[PDB]
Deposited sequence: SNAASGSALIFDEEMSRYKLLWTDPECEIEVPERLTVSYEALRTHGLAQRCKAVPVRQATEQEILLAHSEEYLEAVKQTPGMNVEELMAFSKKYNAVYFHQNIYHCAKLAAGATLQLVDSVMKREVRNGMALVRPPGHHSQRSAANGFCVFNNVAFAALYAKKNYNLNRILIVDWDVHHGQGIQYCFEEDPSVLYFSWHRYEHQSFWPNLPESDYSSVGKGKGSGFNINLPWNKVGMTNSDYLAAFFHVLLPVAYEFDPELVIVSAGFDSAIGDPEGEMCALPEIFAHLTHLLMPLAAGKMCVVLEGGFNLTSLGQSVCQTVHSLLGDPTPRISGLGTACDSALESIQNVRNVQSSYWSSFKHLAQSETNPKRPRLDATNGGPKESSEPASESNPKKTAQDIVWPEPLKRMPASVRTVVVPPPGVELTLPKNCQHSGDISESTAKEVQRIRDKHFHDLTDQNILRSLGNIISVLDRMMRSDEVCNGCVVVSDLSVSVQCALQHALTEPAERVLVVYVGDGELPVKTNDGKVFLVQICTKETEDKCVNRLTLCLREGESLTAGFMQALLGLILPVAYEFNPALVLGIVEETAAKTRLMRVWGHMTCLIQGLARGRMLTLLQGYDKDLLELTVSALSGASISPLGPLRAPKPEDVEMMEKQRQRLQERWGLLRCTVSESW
């Protein structure tokens, strides 16, 4: 199984720049690359990546996406003087040429292809290419918007040709529309393109009618182009995460790509002069994290734009941190998307409702500048500690470890002699020492991040885990419970949110999300739909300090548990304690595997039950006034 993250970079791509006055182009500078790599070096991230050399894209590789006439014309720019380079540049929109830019464009393209090969040959899990010039605006026969050749379009076409891939997802979180990518694949259903972008009702460059939400692709490609226009500046973390939970992710997990390519422009970050958005660099840690369960983690991140040298370095670092599996930073202050974003979100969901299962219920009435410096991120010495039943030894990943001090044993006796007088079952009393011992390593030590304990008696286990977390203190605790019945969990004072997956149904508490999913073959689609559209929005807004997972022994869990514990590690810096009632070798191994940051096997294929969709939207109705990140329509004003 693949391990490690590639970092592809070369100083040569910094050796072309603008040679005449042009305020439109002067923001695209060599230092974008140098500042980004040096930021990775400063924080020790570059040294943890597998360096892979750049190469030149060949002529034949360039012809995958560009015309012979355009290549031939660009191939002549190395021989041009300054006056001739200016005249050549003025044939195109917002792009400049330089004696060395043709060379650098072939390197940017070759670097991208190197990244695709390293990931697809399983030599690395994932990676990032820091390249200049950017690519996503370039077109079959035109340079455009600082881009000469379309690096990310190359990558998808190359992955199709050489690895026979049938489904590729391109995520373009740059603040500009990648119209070159859209045109490239607009008729191709094998490539799903998603783009958000500053649009302002077509008044923002590149001012194209087809960058609007109504361009869904053409022909056999209808539905595989998703545009989410931002019609006001100042979009925040909440807007970006609402886009992901309510548009991108439901479509991505349904599509089930075999490879993910990110057009990663960080001009969507606070401080950027082109974007004027307000999302913090930390959000890219989560945008990366939320996509990593796709395609068994095979993700190729390719630099596009980003022009505030400081937000640029910090957002690059947050992305590589997540590629390396480091714990995600906590995002505070999340809430409803703004009205203009909710309007863009409802509009794209409505037009896409003809093509995607997650949105299908919408089609019928019956169903319907300064910001703080990012904190340090670093992997735990031992990421995951495990406490199997006594005697059971397992083959653990190299970053896991098996489980009991005297300090702890006195605490268990104190807890026993106060709250469980009649308790003598020394197997339960063992698990209490394990829970307290594991939690203390999780909360106190930076050396342990999360853990999993097998228990026998849920009530005493859950009470001791929760109460020990709440007095540490962990300001807030998110409980995720798979099972029926009521637990010793009080959700009245706002310190606990309880997500419960059951079979019965329910309650009026707004600190509680109960999901009664009908048994059958459609539960996997239903669970994933609840996870992305309900569980994750609430969990993100709640912002817990610890996540407590609980699985009843009586409980189609194996198919989705791994996706949940991977995605839920976006909360609480990955600090999750899972209690498994009873020994199940497979469930315990999958839990440890996902907690430790291993790749998750893809879901494959379908469509969920209408009764389940109805049940889920009733929950959204009931909760979205308190938890606004749940909202995916504009609220009705009085």
Where the deposited sequence has no C-alpha coordinates (positions from 1, in order): 1-2, 371-401, 437-438, 541, 592-594, 645
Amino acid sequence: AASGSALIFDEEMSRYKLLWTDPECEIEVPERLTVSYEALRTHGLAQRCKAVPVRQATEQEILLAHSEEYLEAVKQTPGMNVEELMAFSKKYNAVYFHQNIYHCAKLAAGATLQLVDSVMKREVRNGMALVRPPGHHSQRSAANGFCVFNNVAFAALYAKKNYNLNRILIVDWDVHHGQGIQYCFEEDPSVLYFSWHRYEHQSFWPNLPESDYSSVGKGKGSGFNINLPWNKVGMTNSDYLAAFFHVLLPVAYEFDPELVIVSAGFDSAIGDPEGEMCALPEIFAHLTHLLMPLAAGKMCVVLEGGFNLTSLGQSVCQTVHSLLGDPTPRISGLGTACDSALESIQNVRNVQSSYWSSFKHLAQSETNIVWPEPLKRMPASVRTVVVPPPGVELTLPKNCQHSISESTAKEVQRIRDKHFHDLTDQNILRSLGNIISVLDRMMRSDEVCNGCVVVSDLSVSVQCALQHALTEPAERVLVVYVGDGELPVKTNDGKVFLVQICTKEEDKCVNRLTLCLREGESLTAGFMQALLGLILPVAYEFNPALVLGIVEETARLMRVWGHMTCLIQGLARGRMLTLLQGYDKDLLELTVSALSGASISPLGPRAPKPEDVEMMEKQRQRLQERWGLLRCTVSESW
From here on, numbers count along this sequence of modelled residues.
Mean temperature factor over C-alpha atoms, higher-scoring stretch between 455-463 and 285-293: 455-463
Between the two ranges 95-103 and 519-527, the one averaging a larger CA B factor in the entry: 519-527
C-alpha B-factor winner, where the candidates are 35, 603, 64, 46: 603
Member of 197, 75, 349, 444 with the greatest C-alpha B factor (per the PDB record): 444
Chain thirds of CA B-factor: placement of residue 590: highest
Record-listed C-alpha B factor of residue 244: chain third: lowest
For residue 389, the third of its chain into which the C-alpha B factor falls: highest
Where the record places residue 1 (Cα B-factor, split into thirds across the chain): highest
Ranked C-alpha temperature factor of residue 609 among modelled chain residues, by third: highest
